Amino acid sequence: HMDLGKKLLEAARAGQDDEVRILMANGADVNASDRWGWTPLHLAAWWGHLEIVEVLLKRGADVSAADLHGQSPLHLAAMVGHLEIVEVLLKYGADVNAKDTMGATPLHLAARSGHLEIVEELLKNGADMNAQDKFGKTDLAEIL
């Protein structure tokens, strides 16, 4: 009666590739969520486990999964500054303009967190930007 979803979440947090793949081979739900609505993909994105993000995406992780705060894995990677993960999530069809329950897009969060390269990567993928997307303490030709 071991909860495989719980074990998968723990493995994703830890960045344990072996455990993640063994659990998914045993049928562990790739989109299982914790009490806050974080999935293994949310965990891998926030913690910066690129290898795990790729593994989960290959096995049908939902890139659009929204937690209790309305945040998707793209919101998390954009806020904490994981550029390679932002790129992979967008490649797998992440909604670039998804709004959380504060009304924040991933670009809004990246801009406030001072992650300019991420803001530009989001803009390259069709991100909306407006005057309320203020910058914190911090190609260009393609965007312009």
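Numbering starts at 1 and runs along the sequence shown.
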*What stretch has the higher average Cα B-factor here, 98-106 or 39-47?*
98-106
*Compare the mean C-alpha B-factor of 71-79 with that of 48-56 as given in the PDB entry, and name the stretch with the higher value.*
48-56
*Third of the chain's Cα B-factor distribution that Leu9 belongs to, per the entry*: lowest
*Going by what the PDB entry lists, where does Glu87 fall on CA B-factor within its chain: lowest, middle or highest third?*
middle
*Grab the CA temperature factor for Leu116 from the record and place it in the lowest, middle or highest third of its chain.*
highest
